[PDB]
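Only one chain is shown below, in structure tokens, and it's the form deposited in one PDB entry.
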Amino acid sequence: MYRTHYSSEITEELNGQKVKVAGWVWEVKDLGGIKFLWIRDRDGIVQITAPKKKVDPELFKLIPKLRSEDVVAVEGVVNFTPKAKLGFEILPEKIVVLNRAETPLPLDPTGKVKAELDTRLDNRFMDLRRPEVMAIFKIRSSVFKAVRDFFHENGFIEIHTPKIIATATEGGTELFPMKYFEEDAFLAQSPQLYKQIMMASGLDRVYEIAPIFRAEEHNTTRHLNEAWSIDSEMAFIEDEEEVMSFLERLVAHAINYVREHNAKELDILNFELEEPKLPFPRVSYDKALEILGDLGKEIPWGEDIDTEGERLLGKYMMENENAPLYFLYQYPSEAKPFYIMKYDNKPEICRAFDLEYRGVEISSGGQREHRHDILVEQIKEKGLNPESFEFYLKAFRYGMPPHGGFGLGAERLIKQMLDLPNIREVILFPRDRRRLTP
């Protein structure tokens, strides 16, 4: 390897020791009698100082030749001194140029000049060179890790369902049609039916983090045509609250993991991420509708709360409860999928819920209807053909325990967590109605 340490792995213990660092030429200062070379790492910058009398002559004249963004490797002795802004500096013994960079650069990694989102997405390799952009994806990676950690600690098994499907769905479109040889298939937009089917196998507590595909005809700052969903399903529950409680702690765990580990990244982003306050308030759909109506947002009882409503409720919740996260639940049965269980005592409302982070929905789920006949009837009620769902309904005929689950949008989770404006900021290669490359 061209390096032994990252800018962050160098500490006191190494003082006076030879190390090897590598990165991109950040800055060069030829001040005559002494030169300075700053190298950029994924963790930060490293100062290489070259006092004319302490360094090799060939090396002294090489430094001023280095250009911005050149990939170089430096071997030298670590020197802890108060003169170095970062605590220590490297006294170079050897400097190798691994690769020279062309000019001009597609983006300004220095940050002076801002560039359109489109330009940045077209040059992601350049864009990530900026600390605040790198910070996001380090945080994205941390979130996935925390989420998976929490699942494991709670006895969840990771499962993987098919992305190429030919089976029915309650939706219909926003499905990317595809050709499977002679047959016609589509890309799956949710593991919903498959994860439920697995509740009849005894796996009990399952989860999957995989990409889902939706061919939405219009672009929004909230969703993309390709996303990473964090689905989960758990059997032997008594009510949707068990699922809500779990999700709640999952989310709190990922948020707190980011606060602990990515404190540096959060600072870089100039963002103060709140300590989760469990339990998050539950706001029934009827209470939400009352609240909204008083704000002039009139939603007829029965239709779902729109984008403007979620936005208003998010604000209301924040001012009246200092709640960046809250649940909306007990939705009207007509407003939810055929597989959501209804309140046997109040059949017009169902056991479905949505988790709102900063006024935007990051997850939805609820207790499922595991009773075959009731499920069959609810399909019919939705005006669908139960015969189109045989592969699915068959699983509810041979001992199907009570169950519930959720779907967590990974990008949406991160975007709302960091309070980012556009969702294209949390995914490296966004897939738009207008974007297919790179």
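Note that residue numbering begins at 1 and tracks the sequence as displayed. Only residues modelled in both forms are compared. Under this definition, the rigid core comprises the largest set of C-alpha atoms superposing within 1.5 Å between the forms.
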Mean Cα B-factor check, 261-269 vs 292-300, entry values; winner is 292-300
Assert higher mean C-alpha B factor (400-408 or 61-69, deposited values) equals 61-69
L355, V206, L107, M134, ranked by C-alpha B-factor: the highest one: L107
Using the entry's values, work out which of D184, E233, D149, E158 has the largest Cα B factor. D184
Considering every modelled residue of the chain and its Cα B-factor in the PDB entry, is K18 in the lowest, middle or highest third? highest
Taking the values exactly as deposited, rank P92 by C-alpha B-factor within its chain and report the matching third: lowest, middle or highest. middle
Of the three thirds of the chain ranked by Cα temperature factor, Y194 occupies the middle
Test of reading the entry: by CA B factor among the chain's modelled residues, which third contains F80? highest
Would the CA B-factor of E242 place it in the lowest, middle or highest third of its chain? middle
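Note that the form deposited with a small molecule bound isn't included here; everything after this is about it.
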Would you mind picking out the stretch of 67-75, 316-324, 355-363, 122-130 that comes within 4.5 angstroms of the small molecule in the deposited complex, counting non-hydrogen atoms? 355-363
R368: heavy atom within 4.5 Å of the small molecule in the deposited complex? yes
Are any of the heavy atoms in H253 no more than 4.5 Å from a heavy atom of the small molecule in the deposited complex? no
Might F396 be said to contact the small molecule in the deposited complex, defining contact as any heavy atom within 4.5 Å? no
Can you tell me whether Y194 touches the small molecule? I mean in the deposited complex, with a 4.5 angstroms heavy atom cut-off. no
One residue of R148, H261, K163, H223 in contact with the small molecule, assessed in the deposited complex (non-hydrogen atom, 4.5 angstroms): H223
Quick one: from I423, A22, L418, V19, grab the residue that has a heavy atom within 4.5 Å of the small molecule in the deposited complex. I423
Give the consecutive runs of 3+ residues, present in both forms, in which every C-alpha shifts by 2 Å or more between this form and the one not shown after rigid core superposition. 167-170
